[PDB]
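All Cβ positions, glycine included, derive from the backbone under ideal geometry; neighbour counts span all protein chains shown. Where a number appears in this text, it was derived from the coordinates with a stated rule and is not lab data.
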Amino acid sequence: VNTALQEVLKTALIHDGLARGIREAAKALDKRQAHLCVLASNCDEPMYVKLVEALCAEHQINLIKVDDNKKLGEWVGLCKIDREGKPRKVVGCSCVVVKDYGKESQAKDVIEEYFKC
Amino acid sequence: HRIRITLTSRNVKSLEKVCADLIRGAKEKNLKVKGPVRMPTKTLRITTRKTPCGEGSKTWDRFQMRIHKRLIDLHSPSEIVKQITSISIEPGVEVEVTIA
Amino acid sequence: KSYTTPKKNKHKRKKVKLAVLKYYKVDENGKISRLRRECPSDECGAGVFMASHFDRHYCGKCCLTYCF
Amino acid sequence: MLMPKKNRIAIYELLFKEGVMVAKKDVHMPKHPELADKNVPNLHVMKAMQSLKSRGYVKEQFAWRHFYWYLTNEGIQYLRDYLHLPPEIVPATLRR
Amino acid sequence: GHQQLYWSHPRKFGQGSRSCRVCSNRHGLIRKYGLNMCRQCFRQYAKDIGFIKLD
Ligand SMILES: [Zn+2]
């Protein structure tokens, strides 16, 4: 299903509806378009785990967890110089909240099913 | 139902030729038309210097626009005027049709 | 090239690292909370909090600076 | 570059339907004669096309005020690689 | 800043608003009959506008 999440995130990057970053994502939640985002655990967060669980488990936000946030920005495509292969210098990110306009994809039904159940 | 044709051009020989052949066509197509009313020309003057620098003898050259205009008075309906005006056009003549 | 007057540089924005705690305040229990004043005008977004000075507040886009 | 993101995207969206646009040379005018439905700086527009010519995606020539840019196959390839359109469709400069 | 100081001088008159039509020259302008053209390039391109010299 991880291939389907990668395809959905990449298609959202094609359609350009997502808010790439933390602060613009906070603008999106304050404008009330919080639908799905990817969290993580056991990262280099001193106290940020309590804050991110507080903002996640508050109002209609998906529970998607990965191993670390250093590869979360790899799916976003932060600073991918020489995109035809492995980039020579990559920086990190924390979370990206996606506002997808057309919510009918090939596997969006089973992704929303995994969100609901 | 008089029709006025403001006929303007750049040259005078083309204008006189077009007026003459249109008068001939109006005579051939069995209609009433008045005589050719001739208007005075416009002589348009340009005086410029020729020296790019400030030296030399102060020489001048004169540029002239020699444009004429002709107008006629009709008695036919406007469809005949349209079908004789929208045919046999030449470059250098700009036509103007004004109803009355 | 180089003037005898020293260079008058432009206002470089300081790197305020981990300012998210300056936006969402964490209480004793996990709950959303707000501390800074928000801009009353609807031209600015709800996430765009109005800036907090020592004695007054400054609006970002609207620039409607009020006083106590 | 010091231009807004949506304005630039709207410029290449205008360039999707055509293959050329006109732009006067002036550094003290914010108004665009061709595109009038929204505000756009034509100074930054001609800076964007001269940057595109510098990186070698489009040509540029001069006639007394105006610059003229002709999109080639690599230009529309970069267009569909940038704004992420399907490669099956083509601009309307070939519809004969 | 310069974004609001581009129009510090009103360009509604003078030589600033009335520049040449050829290469933006500021001298020797012909405003007559709507040319806004310098004299020398008018002489350069005045023969192909339907002109012959008589006088
Ligand atoms: Zn405001």
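Given a cut-off of 24 Å, name the pairs among C:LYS22/C:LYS61; A:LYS80/D:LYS17; C:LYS8/C:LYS61; A:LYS89/C:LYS61 whose C-alpha atoms lie farther apart than that in the structure shown. As for pairs spanning more than 24 Å Cα to Cα, those are A:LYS80/D:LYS17; C:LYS8/C:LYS61; A:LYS89/C:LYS61.
For segment C:9-56 versus segment D:7-53, the inter-centroid distance based on Cα atoms is 37 Å. Please tell me which of these pairs span more than 19 angstrom C-alpha to C-alpha: A:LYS108/D:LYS6; B:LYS42/E:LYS32; A:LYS99/D:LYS6; D:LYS24/D:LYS59? Flagged as over cut-off: A:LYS108/D:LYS6. Put simply, chain C fits an ellipsoid with semi-axes of 32, 19, 11 Å; these come from the alpha carbon gyration tensor as the roots of five times its eigenvalues, largest first. About its Cα centre, the protein assembly as shown has a charge dipole of approximately 3200 debye under the convention of +1 per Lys or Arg Cβ and -1 per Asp or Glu Cβ, with nothing else charged.
The Kirkwood hydrodynamic radius of chain D, based on inverse pair distances between different Cα atoms, is 14.1 Å. Extending 7 Å from the Cα toward the beta-carbon at both D:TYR70 and D:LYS47 defines two label points whose distance is 2.8 nm.
With R₀ fixed at 22 Å, the C-beta to C-beta distance from A:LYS116 to C:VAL20 puts the FRET efficiency at about 0.20. When the Cα convex hull of chain E is projected onto planes of every orientation, the mean area is 5.3 nm².
What is the magnitude of the charge dipole of chain D about its Cα centre, with +1 placed on the Cβ of each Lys and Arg, -1 on the Cβ of each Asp and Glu, and no other charges, expressed in debye to the nearest 20?
200
Ignoring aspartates and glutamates fewer than eight residues from A:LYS27 along the same chain, the ones with Cα atoms less than 15 angstrom from its Cα are C:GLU38, C:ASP42, C:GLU43. Counting only residues at least eight positions apart within a chain, or on another chain, the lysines with an alpha carbon under 16 Å from that of D:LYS5 are D:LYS38, D:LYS47.
In whole angstrom, chain B maps to an equivalent ellipsoid with semi-axes of 40, 12, 11, each derived as √(5λ) from the alpha carbon gyration tensor and ordered largest first.
If you average over every viewing direction, what projected area does the convex hull of the Cα atoms of segment A:19-83 give, in nm²?
5.0
Viscosity 0.890 mPa s, temperature 25 °C: what is the translational diffusion coefficient of the protein assembly as shown from Stokes-Einstein with a Kirkwood Rh over Cα pairs, rounded to a whole number of µm²/s? The Stokes-Einstein estimate is 81 µm²/s. Computed over the alpha carbons of chain A, Rg followed by Dmax gives 14.2, 40 Å.
Taking a straight line from the alpha carbon of C:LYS1, these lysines sit under 21 Å away, with near neighbours fewer than eight places off in the same chain left out: C:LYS10. The alpha carbon convex hull volume per residue for segment B:52-100 rounds to 139 Å³. In this rough spin-label picture, where each label sits 7 Å from Cα along the Cβ direction, the D:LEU35-B:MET65 distance is 3.8 nm.
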